[PDB]
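Engineer: Sharing run29.txt, compact mmCIF, N, CA, C and O atoms and all ligand atoms:
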# COMPACT_ATOMS: atom_id res chain seq x y z
N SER A 3 17.52 1.33 35.24
CA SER A 3 17.61 0.77 33.86
C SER A 3 18.72 1.47 33.12
O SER A 3 19.21 2.54 33.58
N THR A 4 19.13 0.90 32.00
CA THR A 4 20.30 1.40 31.28
C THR A 4 20.06 1.19 29.83
O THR A 4 19.76 0.07 29.43
N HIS A 5 20.31 2.18 28.98
CA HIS A 5 20.36 2.01 27.56
C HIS A 5 21.73 1.44 27.18
O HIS A 5 22.73 2.08 27.44
N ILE A 6 21.77 0.26 26.57
CA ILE A 6 22.99 -0.43 26.26
C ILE A 6 23.23 -0.39 24.76
O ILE A 6 22.34 -0.71 23.97
N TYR A 7 24.48 -0.04 24.39
CA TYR A 7 24.95 0.00 23.02
C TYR A 7 26.14 -0.92 22.89
O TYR A 7 26.90 -1.19 23.81
N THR A 8 26.29 -1.49 21.68
CA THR A 8 27.50 -2.23 21.40
C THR A 8 28.58 -1.31 20.85
O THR A 8 28.28 -0.22 20.33
N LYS A 9 29.83 -1.76 21.02
CA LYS A 9 30.99 -0.99 20.55
C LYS A 9 30.88 -0.76 19.06
O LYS A 9 31.26 0.28 18.54
N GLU A 10 30.34 -1.73 18.35
CA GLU A 10 30.14 -1.64 16.93
C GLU A 10 29.14 -0.55 16.57
O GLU A 10 29.28 0.29 15.65
N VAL A 12 28.50 2.16 18.47
CA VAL A 12 29.16 3.42 18.82
C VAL A 12 30.09 3.80 17.65
O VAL A 12 30.22 5.00 17.31
N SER A 13 30.82 2.83 17.08
CA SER A 13 31.82 3.08 16.07
C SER A 13 31.28 3.74 14.81
O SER A 13 32.02 4.39 14.10
N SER A 14 29.99 3.62 14.57
CA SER A 14 29.33 4.21 13.40
C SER A 14 29.02 5.71 13.60
O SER A 14 28.72 6.41 12.65
N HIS A 15 29.18 6.23 14.83
CA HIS A 15 28.75 7.57 15.13
C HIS A 15 29.92 8.53 15.18
O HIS A 15 30.48 8.89 16.25
N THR A 16 30.29 8.97 13.97
CA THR A 16 31.48 9.72 13.78
C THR A 16 31.23 11.04 13.06
O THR A 16 32.19 11.74 12.78
N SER A 17 29.99 11.40 12.83
CA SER A 17 29.63 12.65 12.10
C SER A 17 28.36 13.27 12.71
O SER A 17 27.54 12.60 13.35
N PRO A 18 28.10 14.52 12.41
CA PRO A 18 26.79 15.17 12.77
C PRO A 18 25.53 14.50 12.28
O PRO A 18 24.52 14.40 13.06
N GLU A 19 25.57 13.99 11.06
CA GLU A 19 24.42 13.30 10.48
C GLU A 19 24.03 12.13 11.36
O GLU A 19 22.85 11.93 11.71
N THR A 20 25.05 11.36 11.79
CA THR A 20 24.79 10.24 12.63
C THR A 20 24.72 10.63 14.10
O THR A 20 24.11 9.88 14.88
N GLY A 21 25.35 11.76 14.49
CA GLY A 21 25.76 12.02 15.90
C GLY A 21 27.19 11.52 16.07
O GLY A 21 27.60 10.48 15.52
N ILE A 22 27.95 12.31 16.85
CA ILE A 22 29.33 12.04 17.19
C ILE A 22 29.34 11.50 18.62
O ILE A 22 29.00 12.24 19.55
N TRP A 23 29.72 10.26 18.77
CA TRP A 23 29.76 9.57 20.06
C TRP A 23 31.16 9.18 20.45
O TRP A 23 32.00 8.92 19.61
N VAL A 24 31.38 9.13 21.75
CA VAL A 24 32.60 8.61 22.36
C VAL A 24 32.24 7.78 23.55
O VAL A 24 31.13 7.83 24.07
N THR A 25 33.22 7.01 24.06
CA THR A 25 33.11 6.30 25.29
C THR A 25 34.20 6.66 26.31
O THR A 25 35.27 7.10 25.95
N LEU A 26 33.85 6.46 27.57
CA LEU A 26 34.80 6.62 28.65
C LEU A 26 34.40 5.61 29.70
O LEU A 26 33.23 5.57 30.13
N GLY A 27 35.30 4.73 30.07
CA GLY A 27 34.87 3.55 30.85
C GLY A 27 33.88 2.78 30.03
O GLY A 27 34.03 2.60 28.83
N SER A 28 32.79 2.35 30.68
CA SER A 28 31.67 1.69 29.98
C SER A 28 30.59 2.66 29.60
O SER A 28 29.52 2.21 29.16
N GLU A 29 30.76 3.94 29.74
CA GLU A 29 29.71 4.91 29.45
C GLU A 29 29.84 5.44 28.01
O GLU A 29 30.96 5.59 27.48
N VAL A 30 28.70 5.74 27.40
CA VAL A 30 28.56 6.21 26.02
C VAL A 30 28.01 7.63 26.05
O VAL A 30 27.01 7.87 26.77
N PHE A 31 28.60 8.54 25.25
CA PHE A 31 28.25 9.95 25.27
C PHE A 31 28.02 10.41 23.84
O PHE A 31 28.82 10.11 22.95
N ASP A 32 26.94 11.15 23.62
CA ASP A 32 26.66 11.80 22.33
C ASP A 32 27.07 13.27 22.49
O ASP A 32 26.35 14.06 23.08
N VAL A 33 28.27 13.61 22.00
CA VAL A 33 28.90 14.88 22.24
C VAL A 33 28.76 15.82 21.03
O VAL A 33 29.39 16.89 21.02
N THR A 34 27.88 15.51 20.10
CA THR A 34 27.66 16.31 18.89
C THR A 34 27.59 17.79 19.19
O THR A 34 28.27 18.58 18.50
N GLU A 35 26.75 18.20 20.12
CA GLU A 35 26.53 19.61 20.38
C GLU A 35 27.66 20.30 21.09
O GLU A 35 27.70 21.54 21.08
N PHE A 36 28.60 19.58 21.67
CA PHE A 36 29.77 20.16 22.30
C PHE A 36 30.91 20.40 21.35
O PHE A 36 31.76 21.26 21.65
N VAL A 37 31.10 19.62 20.30
CA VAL A 37 32.39 19.56 19.64
C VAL A 37 32.95 20.88 19.20
O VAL A 37 34.13 21.13 19.38
N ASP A 38 32.13 21.77 18.64
CA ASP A 38 32.65 23.05 18.10
C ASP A 38 33.21 23.93 19.23
O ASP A 38 33.99 24.85 18.98
N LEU A 39 32.79 23.70 20.51
CA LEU A 39 33.21 24.42 21.67
C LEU A 39 34.44 23.82 22.31
O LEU A 39 34.93 24.34 23.32
N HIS A 40 34.97 22.75 21.79
CA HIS A 40 36.13 22.13 22.40
C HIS A 40 37.31 23.09 22.38
O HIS A 40 37.65 23.61 21.32
N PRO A 41 37.97 23.33 23.50
CA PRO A 41 39.15 24.19 23.50
C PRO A 41 40.24 23.80 22.44
O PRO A 41 40.51 22.65 22.40
N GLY A 42 40.65 24.78 21.58
CA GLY A 42 41.54 24.57 20.41
C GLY A 42 40.81 24.10 19.15
O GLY A 42 41.39 23.91 18.07
N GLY A 43 39.56 23.85 19.25
CA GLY A 43 38.83 23.44 18.17
C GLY A 43 38.50 21.96 18.18
O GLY A 43 39.02 21.10 18.93
N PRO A 44 37.55 21.69 17.36
CA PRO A 44 36.95 20.38 17.29
C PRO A 44 37.80 19.35 16.67
O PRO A 44 37.56 18.17 16.92
N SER A 45 38.74 19.66 15.78
CA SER A 45 39.43 18.61 15.05
C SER A 45 40.21 17.68 15.99
O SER A 45 40.29 16.47 15.71
N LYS A 46 40.85 18.18 17.05
CA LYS A 46 41.54 17.28 17.97
C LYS A 46 40.57 16.32 18.62
O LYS A 46 40.85 15.11 18.72
N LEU A 47 39.43 16.80 19.11
CA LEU A 47 38.44 15.97 19.72
C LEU A 47 38.03 14.86 18.78
O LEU A 47 37.84 13.69 19.20
N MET A 48 37.86 15.19 17.50
CA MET A 48 37.34 14.28 16.52
C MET A 48 38.26 13.09 16.28
O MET A 48 37.78 12.08 15.75
N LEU A 49 39.53 13.16 16.66
CA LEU A 49 40.40 11.98 16.60
C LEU A 49 39.81 10.80 17.33
O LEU A 49 40.08 9.65 16.96
N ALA A 50 39.04 11.04 18.37
CA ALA A 50 38.46 9.99 19.20
C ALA A 50 37.08 9.58 18.79
O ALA A 50 36.52 8.67 19.38
N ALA A 51 36.47 10.24 17.80
CA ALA A 51 35.08 9.96 17.45
C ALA A 51 34.84 8.50 17.19
O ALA A 51 35.60 7.83 16.49
N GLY A 52 33.73 7.99 17.71
CA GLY A 52 33.34 6.61 17.52
C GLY A 52 34.00 5.62 18.43
O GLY A 52 33.71 4.42 18.29
N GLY A 53 34.80 6.03 19.38
CA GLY A 53 35.57 5.14 20.20
C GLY A 53 35.90 5.68 21.56
O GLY A 53 35.34 6.70 22.00
N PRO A 54 36.81 5.01 22.26
CA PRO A 54 37.14 5.38 23.62
C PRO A 54 38.01 6.63 23.67
O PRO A 54 38.92 6.88 22.86
N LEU A 55 37.80 7.42 24.71
CA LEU A 55 38.64 8.58 25.01
C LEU A 55 39.96 8.18 25.64
O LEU A 55 40.95 8.93 25.48
N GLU A 56 40.01 7.11 26.38
CA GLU A 56 41.18 6.77 27.17
C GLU A 56 42.51 6.85 26.43
O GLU A 56 43.46 7.42 26.99
N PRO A 57 42.66 6.31 25.22
CA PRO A 57 44.00 6.30 24.61
C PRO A 57 44.47 7.71 24.27
O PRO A 57 45.68 7.89 24.07
N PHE A 58 43.58 8.67 24.13
CA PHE A 58 43.87 10.07 23.79
C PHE A 58 44.01 10.91 25.03
O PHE A 58 45.01 11.66 25.22
N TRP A 59 43.06 10.81 25.97
CA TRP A 59 43.08 11.56 27.20
C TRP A 59 44.31 11.23 28.05
O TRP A 59 44.76 12.07 28.81
N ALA A 60 44.87 10.07 27.91
CA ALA A 60 46.07 9.68 28.61
C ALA A 60 47.20 10.68 28.41
O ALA A 60 48.01 10.91 29.32
N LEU A 61 47.26 11.30 27.22
CA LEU A 61 48.31 12.27 26.87
C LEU A 61 47.97 13.69 27.22
O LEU A 61 48.81 14.56 27.04
N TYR A 62 46.75 13.92 27.72
CA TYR A 62 46.24 15.26 27.98
C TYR A 62 45.59 15.32 29.34
O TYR A 62 44.37 15.26 29.50
N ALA A 63 46.45 15.46 30.37
CA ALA A 63 46.00 15.49 31.74
C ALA A 63 45.19 16.73 32.10
O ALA A 63 44.53 16.70 33.15
N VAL A 64 45.05 17.70 31.25
CA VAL A 64 44.08 18.79 31.45
C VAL A 64 42.64 18.23 31.56
O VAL A 64 41.80 18.88 32.16
N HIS A 65 42.35 17.05 31.03
CA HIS A 65 41.04 16.47 31.19
C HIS A 65 40.78 15.86 32.57
O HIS A 65 39.66 15.48 32.88
N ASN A 66 41.84 15.76 33.39
CA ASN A 66 41.74 15.16 34.69
C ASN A 66 41.36 16.19 35.76
O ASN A 66 42.13 16.49 36.67
N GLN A 67 40.18 16.76 35.58
CA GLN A 67 39.60 17.78 36.44
C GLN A 67 38.15 17.43 36.65
O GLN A 67 37.48 16.95 35.73
N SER A 68 37.61 17.67 37.85
CA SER A 68 36.21 17.33 38.11
C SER A 68 35.27 18.05 37.16
O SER A 68 34.25 17.45 36.76
N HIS A 69 35.56 19.28 36.76
CA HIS A 69 34.61 19.99 35.89
C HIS A 69 34.54 19.34 34.53
O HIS A 69 33.46 19.24 33.93
N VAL A 70 35.66 18.81 34.01
CA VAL A 70 35.66 18.18 32.70
C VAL A 70 34.82 16.93 32.71
O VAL A 70 34.06 16.62 31.81
N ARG A 71 34.97 16.16 33.81
CA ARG A 71 34.23 14.89 33.90
C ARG A 71 32.72 15.10 34.01
O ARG A 71 31.95 14.34 33.43
N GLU A 72 32.31 16.14 34.76
CA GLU A 72 30.89 16.40 34.89
C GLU A 72 30.34 17.05 33.61
O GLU A 72 29.20 16.77 33.22
N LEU A 73 31.15 17.85 32.90
CA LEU A 73 30.75 18.37 31.62
C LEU A 73 30.42 17.24 30.65
O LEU A 73 29.37 17.18 30.05
N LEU A 74 31.34 16.26 30.57
CA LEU A 74 31.11 15.12 29.71
C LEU A 74 29.84 14.37 30.10
O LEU A 74 29.09 13.92 29.24
N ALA A 75 29.61 14.20 31.42
CA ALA A 75 28.43 13.51 31.90
C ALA A 75 27.14 14.10 31.40
O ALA A 75 26.16 13.37 31.30
N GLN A 76 27.08 15.38 31.03
CA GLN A 76 25.86 15.96 30.54
C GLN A 76 25.47 15.36 29.21
O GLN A 76 24.29 15.48 28.82
N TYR A 77 26.36 14.71 28.52
CA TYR A 77 26.14 14.14 27.20
C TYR A 77 25.95 12.64 27.22
O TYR A 77 25.86 12.01 26.19
N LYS A 78 25.85 12.03 28.42
CA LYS A 78 25.71 10.56 28.51
C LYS A 78 24.40 10.13 27.90
O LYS A 78 23.34 10.73 28.15
N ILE A 79 24.44 9.08 27.10
CA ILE A 79 23.26 8.44 26.50
C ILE A 79 23.07 7.00 26.92
O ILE A 79 21.99 6.45 26.70
N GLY A 80 24.06 6.35 27.52
CA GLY A 80 23.93 4.96 27.90
C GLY A 80 25.26 4.35 28.22
O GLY A 80 26.19 5.06 28.60
N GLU A 81 25.33 3.03 28.08
CA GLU A 81 26.47 2.27 28.45
C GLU A 81 26.77 1.20 27.44
O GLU A 81 25.88 0.79 26.69
N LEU A 82 27.97 0.66 27.47
CA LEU A 82 28.38 -0.54 26.75
C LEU A 82 28.03 -1.74 27.65
O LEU A 82 28.08 -1.67 28.87
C1 LIG B 101 34.27 14.39 24.05
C2 LIG B 101 35.56 14.56 24.21
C3 LIG B 101 36.28 15.67 24.86
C4 LIG B 101 35.86 16.53 25.80
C5 LIG B 101 34.55 16.58 26.52
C6 LIG B 101 36.96 17.43 26.09
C7 LIG B 101 36.85 18.53 26.89
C8 LIG B 101 37.88 19.42 27.08
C9 LIG B 101 37.77 20.58 27.98
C10 LIG B 101 36.55 20.94 28.78
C11 LIG B 101 38.95 21.20 27.94
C12 LIG B 101 39.41 22.43 28.72
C13 LIG B 101 39.82 22.09 30.15
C14 LIG B 101 40.30 23.23 30.98
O1 LIG B 101 41.15 23.95 30.41
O2 LIG B 101 40.02 23.35 32.14
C15 LIG B 101 39.80 20.48 26.97
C16 LIG B 101 41.04 20.84 26.56
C17 LIG B 101 41.83 20.20 25.65
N1 LIG B 101 41.49 19.00 25.02
FE1 LIG B 101 39.80 18.04 25.20
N2 LIG B 101 38.08 17.05 25.31
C18 LIG B 101 37.64 15.98 24.58
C19 LIG B 101 38.47 15.27 23.73
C20 LIG B 101 39.79 15.54 23.44
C21 LIG B 101 40.69 14.71 22.65
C22 LIG B 101 40.28 13.45 22.04
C23 LIG B 101 41.89 15.35 22.62
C24 LIG B 101 43.16 14.91 22.00
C25 LIG B 101 43.34 14.17 20.95
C26 LIG B 101 41.74 16.56 23.40
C27 LIG B 101 42.73 17.51 23.57
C28 LIG B 101 42.60 18.69 24.25
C29 LIG B 101 43.60 19.69 24.33
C30 LIG B 101 44.90 19.72 23.53
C31 LIG B 101 43.12 20.67 25.21
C32 LIG B 101 43.83 21.90 25.64
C33 LIG B 101 43.50 23.09 24.79
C34 LIG B 101 44.16 24.37 25.21
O3 LIG B 101 44.13 24.81 26.40
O4 LIG B 101 44.73 24.87 24.28
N3 LIG B 101 40.49 16.64 23.91
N4 LIG B 101 39.12 19.42 26.47
As structure tokens - that is how I would like this structure written.
Ligand code: HEM
Structural biologist:
Amino acid sequence: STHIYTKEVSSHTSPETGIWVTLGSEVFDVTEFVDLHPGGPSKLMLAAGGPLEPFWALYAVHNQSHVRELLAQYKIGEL
């Protein structure tokens, strides 16, 4: 089974709501990670409420197995 969310995810851009992102068709609630993001949370927050792809494309440091499995710990469902 799968918890399915619509892209309209876009409302989850703060702690009060939860900070969510997508990667592929997967949805992640990354609220508890953000302050630990390398260089700080503000860069990560550029992607809040939407897909990581347009941002991660410029930052190939995310293209590591450990990063992908780290993100997977925050999965909540799918689009
Ligand atoms: C939920 C989203 C994100 C997660 C889970 C994530 C996770 C990570 C992790 C684990 C690293 C360190 C990798 C390593 O050095 O081995 C990293 C580094 C970095 N991330 Fe992200 N990232 C996210 C979003 C973003 C976004 C949206 C941007 C850009 C707009 C970004 C820019 C960077 C940069 C610049 C670094 C390098 C920092 C440094 O070494 O100074 N990240 N990220």
Engineer: List as a PyMOL selection string the protein and nucleic acid residues near residue 74 of chain A, meaning an atom at most 8 Å away when only N, CA, C and O atoms are counted, but skip any in the same chain fewer than 6 places from it.
Structural biologist: chain A and resi 30-33+68
Engineer: Kindly provide, as JSON, the centre and edge lengths (Å, one decimal) of an axis-aligned box around all atoms of ligand LIG 101 (chain B) given in the file, with 6 Å on each side.
Structural biologist:
{"center_x": 39.6, "center_y": 19.2, "center_z": 26.5, "size_x": 22.6, "size_y": 23.4, "size_z": 23.2}
Engineer: Determine which residues of chain A DSSP labels as alpha helix (DSSP H) from the backbone of this structure, then write them out as a VMD selection string.
Structural biologist: chain A and resid 44 to 48 56 to 59 68 to 75
Engineer: What would the file look like if the residues just selected were written as a compact mmCIF listing (two decimals), in the coordinates of the input with N, CA, C and O atoms?
Structural biologist:
# COMPACT_ATOMS: atom_id res chain seq x y z
N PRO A 44 37.55 21.69 17.36
CA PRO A 44 36.95 20.38 17.29
C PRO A 44 37.80 19.35 16.67
O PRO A 44 37.56 18.17 16.92
N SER A 45 38.74 19.66 15.78
CA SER A 45 39.43 18.61 15.05
C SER A 45 40.21 17.68 15.99
O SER A 45 40.29 16.47 15.71
N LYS A 46 40.85 18.18 17.05
CA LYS A 46 41.54 17.28 17.97
C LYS A 46 40.57 16.32 18.62
O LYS A 46 40.85 15.11 18.72
N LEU A 47 39.43 16.80 19.11
CA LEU A 47 38.44 15.97 19.72
C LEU A 47 38.03 14.86 18.78
O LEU A 47 37.84 13.69 19.20
N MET A 48 37.86 15.19 17.50
CA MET A 48 37.34 14.28 16.52
C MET A 48 38.26 13.09 16.28
O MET A 48 37.78 12.08 15.75
N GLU A 56 40.01 7.11 26.38
CA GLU A 56 41.18 6.77 27.17
C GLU A 56 42.51 6.85 26.43
O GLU A 56 43.46 7.42 26.99
N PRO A 57 42.66 6.31 25.22
CA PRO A 57 44.00 6.30 24.61
C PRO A 57 44.47 7.71 24.27
O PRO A 57 45.68 7.89 24.07
N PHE A 58 43.58 8.67 24.13
CA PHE A 58 43.87 10.07 23.79
C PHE A 58 44.01 10.91 25.03
O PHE A 58 45.01 11.66 25.22
N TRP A 59 43.06 10.81 25.97
CA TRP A 59 43.08 11.56 27.20
C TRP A 59 44.31 11.23 28.05
O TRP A 59 44.76 12.07 28.81
N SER A 68 37.61 17.67 37.85
CA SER A 68 36.21 17.33 38.11
C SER A 68 35.27 18.05 37.16
O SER A 68 34.25 17.45 36.76
N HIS A 69 35.56 19.28 36.76
CA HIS A 69 34.61 19.99 35.89
C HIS A 69 34.54 19.34 34.53
O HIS A 69 33.46 19.24 33.93
N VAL A 70 35.66 18.81 34.01
CA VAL A 70 35.66 18.18 32.70
C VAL A 70 34.82 16.93 32.71
O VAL A 70 34.06 16.62 31.81
N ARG A 71 34.97 16.16 33.81
CA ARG A 71 34.23 14.89 33.90
C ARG A 71 32.72 15.10 34.01
O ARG A 71 31.95 14.34 33.43
N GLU A 72 32.31 16.14 34.76
CA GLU A 72 30.89 16.40 34.89
C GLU A 72 30.34 17.05 33.61
O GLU A 72 29.20 16.77 33.22
N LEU A 73 31.15 17.85 32.90
CA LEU A 73 30.75 18.37 31.62
C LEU A 73 30.42 17.24 30.65
O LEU A 73 29.37 17.18 30.05
N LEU A 74 31.34 16.26 30.57
CA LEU A 74 31.11 15.12 29.71
C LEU A 74 29.84 14.37 30.10
O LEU A 74 29.09 13.92 29.24
N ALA A 75 29.61 14.20 31.42
CA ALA A 75 28.43 13.51 31.90
C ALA A 75 27.14 14.10 31.40
O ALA A 75 26.16 13.37 31.30
Engineer: May I have the residues within 8 Å of ligand LIG 101 (chain B), computed using only N, CA, C and O atoms and all ligand atoms, as an MDAnalysis selection string?
Structural biologist: chainID A and resid 22:25 31:34 36:37 39:51 54:67 69:71 73:75
Engineer: Could you tell me how far atom CA of residue 7 of chain A lies from atom CA of residue 72 of chain A, in Å and to one decimal?
Structural biologist: 21.1 Å
Engineer: Quick one: DSSP strand (DSSP E) residues in chain A, as a ChimeraX atom specification?
Structural biologist: /A:16-17,21-26,29-32,78-81
Engineer: Would you save the residues from that selection as an mmCIF file, in the frame of the given file, using N, CA, C and O atoms?
Structural biologist:
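Below you can see out19.cif, which holds the result:
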data_model
loop_
_atom_site.group_PDB
_atom_site.id
_atom_site.type_symbol
_atom_site.label_atom_id
_atom_site.label_comp_id
_atom_site.auth_asym_id
_atom_site.auth_seq_id
_atom_site.Cartn_x
_atom_site.Cartn_y
_atom_site.Cartn_z
ATOM 1 N N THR A 16 30.290 8.970 13.970
ATOM 2 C CA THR A 16 31.480 9.720 13.780
ATOM 3 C C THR A 16 31.230 11.040 13.060
ATOM 4 O O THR A 16 32.190 11.740 12.780
ATOM 5 N N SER A 17 29.990 11.400 12.830
ATOM 6 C CA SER A 17 29.630 12.650 12.100
ATOM 7 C C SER A 17 28.360 13.270 12.710
ATOM 8 O O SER A 17 27.540 12.600 13.350
ATOM 9 N N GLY A 21 25.350 11.760 14.490
ATOM 10 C CA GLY A 21 25.760 12.020 15.900
ATOM 11 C C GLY A 21 27.190 11.520 16.070
ATOM 12 O O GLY A 21 27.600 10.480 15.520
ATOM 13 N N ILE A 22 27.950 12.310 16.850
ATOM 14 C CA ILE A 22 29.330 12.040 17.190
ATOM 15 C C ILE A 22 29.340 11.500 18.620
ATOM 16 O O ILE A 22 29.000 12.240 19.550
ATOM 17 N N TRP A 23 29.720 10.260 18.770
ATOM 18 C CA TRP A 23 29.760 9.570 20.060
ATOM 19 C C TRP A 23 31.160 9.180 20.450
ATOM 20 O O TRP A 23 32.000 8.920 19.610
ATOM 21 N N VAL A 24 31.380 9.130 21.750
ATOM 22 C CA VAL A 24 32.600 8.610 22.360
ATOM 23 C C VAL A 24 32.240 7.780 23.550
ATOM 24 O O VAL A 24 31.130 7.830 24.070
ATOM 25 N N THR A 25 33.220 7.010 24.060
ATOM 26 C CA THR A 25 33.110 6.300 25.290
ATOM 27 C C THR A 25 34.200 6.660 26.310
ATOM 28 O O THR A 25 35.270 7.100 25.950
ATOM 29 N N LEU A 26 33.850 6.460 27.570
ATOM 30 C CA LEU A 26 34.800 6.620 28.650
ATOM 31 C C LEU A 26 34.400 5.610 29.700
ATOM 32 O O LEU A 26 33.230 5.570 30.130
ATOM 33 N N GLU A 29 30.760 3.940 29.740
ATOM 34 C CA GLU A 29 29.710 4.910 29.450
ATOM 35 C C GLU A 29 29.840 5.440 28.010
ATOM 36 O O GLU A 29 30.960 5.590 27.480
ATOM 37 N N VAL A 30 28.700 5.740 27.400
ATOM 38 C CA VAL A 30 28.560 6.210 26.020
ATOM 39 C C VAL A 30 28.010 7.630 26.050
ATOM 40 O O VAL A 30 27.010 7.870 26.770
ATOM 41 N N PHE A 31 28.600 8.540 25.250
ATOM 42 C CA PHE A 31 28.250 9.950 25.270
ATOM 43 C C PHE A 31 28.020 10.410 23.840
ATOM 44 O O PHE A 31 28.820 10.110 22.950
ATOM 45 N N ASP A 32 26.940 11.150 23.620
ATOM 46 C CA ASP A 32 26.660 11.800 22.330
ATOM 47 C C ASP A 32 27.070 13.270 22.490
ATOM 48 O O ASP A 32 26.350 14.060 23.080
ATOM 49 N N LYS A 78 25.850 12.030 28.420
ATOM 50 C CA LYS A 78 25.710 10.560 28.510
ATOM 51 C C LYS A 78 24.400 10.130 27.900
ATOM 52 O O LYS A 78 23.340 10.730 28.150
ATOM 53 N N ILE A 79 24.440 9.080 27.100
ATOM 54 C CA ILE A 79 23.260 8.440 26.500
ATOM 55 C C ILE A 79 23.070 7.000 26.920
ATOM 56 O O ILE A 79 21.990 6.450 26.700
ATOM 57 N N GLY A 80 24.060 6.350 27.520
ATOM 58 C CA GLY A 80 23.930 4.960 27.900
ATOM 59 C C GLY A 80 25.260 4.350 28.220
ATOM 60 O O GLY A 80 26.190 5.060 28.600
ATOM 61 N N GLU A 81 25.330 3.030 28.080
ATOM 62 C CA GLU A 81 26.470 2.270 28.450
ATOM 63 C C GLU A 81 26.770 1.200 27.440
ATOM 64 O O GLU A 81 25.880 0.790 26.690
#
Engineer: Any idea what the distance is between atom CA of residue 3 of chain A and atom CA of residue 16 of chain A?
Structural biologist: 26.0 Å
Engineer: Write out as a list in words the residues lying within 7 Å of segment 80-82 of chain A, counting only C-alpha atoms and excluding same-chain residues fewer than 5 positions away.
Structural biologist: residues 4, 5, 6, 7, 8, 9, 28, 29 and 30 of chain A
Engineer: In Å, how far is it from atom N of residue 38 of chain A to atom O of residue 20 of chain A?
Structural biologist: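 Computing the Euclidean distance for atom N of residue 38 of chain A and atom O of residue 20 of chain A yields 14.8 Å.
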